[PDB]
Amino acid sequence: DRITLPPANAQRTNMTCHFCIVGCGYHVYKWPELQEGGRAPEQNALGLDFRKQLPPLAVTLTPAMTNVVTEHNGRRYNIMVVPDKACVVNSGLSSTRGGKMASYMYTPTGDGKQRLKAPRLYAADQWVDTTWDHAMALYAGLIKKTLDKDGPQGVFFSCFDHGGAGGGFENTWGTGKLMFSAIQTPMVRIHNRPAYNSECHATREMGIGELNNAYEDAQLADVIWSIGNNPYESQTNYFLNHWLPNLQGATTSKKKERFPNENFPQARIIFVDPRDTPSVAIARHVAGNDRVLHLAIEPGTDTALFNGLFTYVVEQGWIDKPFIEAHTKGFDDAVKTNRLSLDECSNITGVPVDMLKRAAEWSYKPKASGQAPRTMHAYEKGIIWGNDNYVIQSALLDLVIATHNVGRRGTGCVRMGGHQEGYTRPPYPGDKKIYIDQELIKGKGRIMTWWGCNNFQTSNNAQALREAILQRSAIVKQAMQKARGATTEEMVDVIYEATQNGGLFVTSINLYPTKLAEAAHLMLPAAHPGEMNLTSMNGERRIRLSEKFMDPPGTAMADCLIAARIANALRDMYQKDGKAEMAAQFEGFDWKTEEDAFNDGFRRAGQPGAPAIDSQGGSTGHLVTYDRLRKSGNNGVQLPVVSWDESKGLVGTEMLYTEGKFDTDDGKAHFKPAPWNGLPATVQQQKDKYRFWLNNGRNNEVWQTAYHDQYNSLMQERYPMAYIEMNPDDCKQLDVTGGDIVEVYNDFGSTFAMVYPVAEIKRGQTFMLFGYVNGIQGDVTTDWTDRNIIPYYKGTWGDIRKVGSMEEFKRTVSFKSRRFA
């Protein structure tokens, strides 16, 4: 069909992608419904000539990138959400996820039709609408009763701590202030992990923050490692816009101009991943087989790999002895504790000795001109959710520090990231490590709030969680429905009494009902970026403002303002009861807009008279304002900000550690021991009992829990059910083929998937889409966690049983190769 072009004078605002870490820059064009731009280039806002065919690469523009929104005043506007060609992050690229933004904006008839737009209450064994005031009276009423009788230990949360949509500096501050400073509860987990902890404890403790470089570094590297990472699918436009140009030779002249006395061989790439992925396939396509190494490790053997590599580089002297001497502690000890021969490393990991030696030679042997290769070490959930998070990072960082691959351009040892980041919160208010799902399963807590997450789909050991929460919720449902004519006070009492008899009151604060609606008693409508202003940063710390351009559905609210509403409701109740001390805990939420939360949190960190604030913006965050970010555009500024003035704008920081001052007591990077212990017993027990490694993770097309995707007809046609990639010989043995349904099960749970034969999958290994709306992978993940309560989500084994042939999947779903050749 056809597209309505933006008029030359259409309104244009800046929007960062809602979704992944990379934080691609976009423009939103908004104009009245019945107006349209001309085809001539100066008569539309795109500046493109639609009077004749456009050349390739000229535009990213499909109908899915357009919509028509209806504002609260009833006025209808065209919108068009398209990538910004001048943004340095993406240079005009759009992934398939961010490309759907316009479709996932709220409209009454489109993909956002089922957005929450009113408070919802489960009462009298049914979902109904309720008023905001009533919702707040019930929720604040229960929180007050709980604080008064049980203390904060009775009030539980699982809340986002991320950036982008359903996070960001405003939102993490508002929620954090509410949970930690006002309620003061320690009973808080994070959207992606079941305790209040870091993904990167070991690296941070060693002195190296996990976002320590620029995306430009990937362009300057001689070698890139991708460790536990599938970046074409999970950090698409970083891979496309920065990594692949390096592999293609497009950045060679830049390297040579920066470093006139240094050789730059063709760039090479090394993947550490048990599974062969789309990312490996494309790297081989672009660079050739001889420039790519896939270290197809046995699951969970990363620590053995890095200790072998570290041992080898030290034996070869392919280290930076002056750097070690001047800027590190603990090297000699780590050499002893982490000793592992290449033979033993090979035997454990399954990687041939020759491939281990080649990886080390490409990465760490000095170049002919004398300098060490610039090797950027990138890692994500294959080790963060790997076999003992803390230990793997200890082992990896040891190898990086010894080879001076932090602080030089074209280097880094960095997370690839998941969501964007946008953390500003008060300190966590205890010193205990608390496994929240286990406490809920054991019957603790009076009230649980899921806030911008859906652990029904995403917890580890998820089936046990669902079973418990459904049971405890039903106790409350049964008690509430016996009420007749109950006032708020009476109903709060009924609920509290049920929670003394095993019940749990459950609230969800979300864009959509989700699966949580099967258990929740109360749901509150939130707003996403574009319905609200929002700040957050990408995987090179580049902070941008996403600008409001439309209204939220109904009475949906920015999460920081929901937090303020709850706090003010609690304050008012305490004031009414003459409890001045408790009322004072709830001060400081006089917020009318999300910029008020940015001012109160991010911009107050480290300032005179401010309380303790842990912020990714640091003490110079006050230099950032929305107006200054707006002026910076979608290029924003890399944090930390160094300076601001009118003439220069915001000026930031490209790379960390360039002078070798690390984030430790003595300014030195600290080596750590990395013991190799095998798989944890809980995991090994499943592996001993069951046949298949149940690897799990991302698909390029699907975003997270498919909260928008579940409503997208193209998405549902392609992926009607979660899929499991399986080795063809394994499939033959089980008499399955593409589009059959299997049950996947072990001691922890059972789930279901559509079979997806993939040639490159190893016998006895599988890969299932995580987090989905039709067949939840997490049911088979174990309860095992590392010392800081980080789950080994990637570490579980199970059996597979044929259910049968799903005719419609066979007729409608492609089971062709997603790995490009």
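Residue numbers here begin at 1 and follow the sequence given.
With 525-533 and 188-196 compared on mean CA B-factor from the PDB entry, the stretch scoring higher is 188-196.
In this crystal structure, the stretch out of 177-185 and 505-513 whose C-alpha atoms carry the higher mean B factor is 177-185.
Across the options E170, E547, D431, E262, the residue with the most elevated CA B-factor in the record is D431.
You'll see in the entry that, of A674, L244, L295, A563, the Cα B factor peaks at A674. In the deposited entry, the Cα temperature factor of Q438 sits in the middle third of values across the chain's modelled residues.
Per the PDB record, residue ranking by Cα B-factor puts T781 in the middle third of the chain.
For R409, the recorded CA temperature factor ranks within the middle third of the chain's modelled residues. In the deposited entry, the Cα temperature factor of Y574 sits in the top third of values across the chain's modelled residues.
Residue-level temperature factors show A8 in the middle third of its chain, judged at the C-alpha atom.
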